[PDB]
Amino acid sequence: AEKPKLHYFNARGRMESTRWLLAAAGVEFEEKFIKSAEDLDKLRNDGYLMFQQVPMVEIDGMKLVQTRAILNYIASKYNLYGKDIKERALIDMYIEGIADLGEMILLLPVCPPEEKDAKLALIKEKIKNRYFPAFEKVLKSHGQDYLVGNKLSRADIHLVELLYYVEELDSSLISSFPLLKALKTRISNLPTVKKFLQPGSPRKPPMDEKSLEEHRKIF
């Protein structure tokens, strides 16, 4: 069984949700870090990046780019995409909500600093009034441990990844959402996930002022 190989910077960025999903599924993978503009040029010139961009994942004979394509493939392969078309529709709707909020956060430290504090408050309010209530409502309507089909899926994993990111941003945001808190604890305790949250795993740290400025300089 040939191990998936992830090509990305040694950073969270657009590769983290893939690290989470693979690791939640107990799937062992290798990372090949891109450290120089030469490292990227080499992947490009080898014809390995369909749109000249990373992330790229080598898996089951394919050089897969585009985050959503990579994630969809992994989730079907490891039975984390529900069990039929309608379950997939619910999963997709949830993760796309997650992706909207998460995209706003991914792209917050690269925004204009005079309207960056306007952007931070906008997020915070969407979280409290838009997204966290939407997921709390799903959990409450099923009363089950999982968002869809009463079974672990990518939606649970990605929601919990998101709750970790929202906690780094402000710890009080989840405080009035008891069902989200319990989901985070439950998923964090699954064996694969617990292992991923432990030190020494492929899970990556947040980008700080140092690692961001250096990245832009060399690429």
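Position 1 is the first residue in the sequence shown; the rest follow in order.
A.B. asks: Which has the higher mean CA temperature factor in the PDB entry, 206-214 or 9-17?
C.D. replies: Per the PDB record, 206-214.
A.B. asks: Averaged over C-alpha atoms, is the B-factor higher for 180-188 or for 162-170 in this PDB entry?
C.D. replies: It is 162-170.
A.B. asks: Among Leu107, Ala134, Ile85, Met93, which carries the highest Cα B-factor?
C.D. replies: Across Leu107, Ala134, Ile85, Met93, the entry lists the biggest C-alpha B-factor for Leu107.
A.B. asks: Looking at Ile74, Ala121, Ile98, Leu147, which has the highest Cα B-factor in the entry?
C.D. replies: The C-alpha B-factor peaks, among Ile74, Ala121, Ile98, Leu147, at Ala121.
A.B. asks: Thinking about Cα B factors across the chain, which third does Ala155 belong to?
C.D. replies: CA B-factor rank for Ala155: lowest third.
A.B. asks: Grab the CA temperature factor for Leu139 from the record and place it in the lowest, middle or highest third of its chain.
C.D. replies: Middle third.
A.B. asks: Split the chain's modelled residues into thirds by Cα B-factor; is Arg68 in the lowest, middle or highest one?
C.D. replies: Within its chain, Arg68 is a lowest-third residue by C-alpha B-factor, going by the deposited values.
A.B. asks: Sorting the chain's modelled residues by C-alpha B-factor, tell me whether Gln53 ends up in the lowest, middle or highest third.
C.D. replies: Lowest third - that is where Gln53 ends up once the chain's C-alpha B-factors are sorted.
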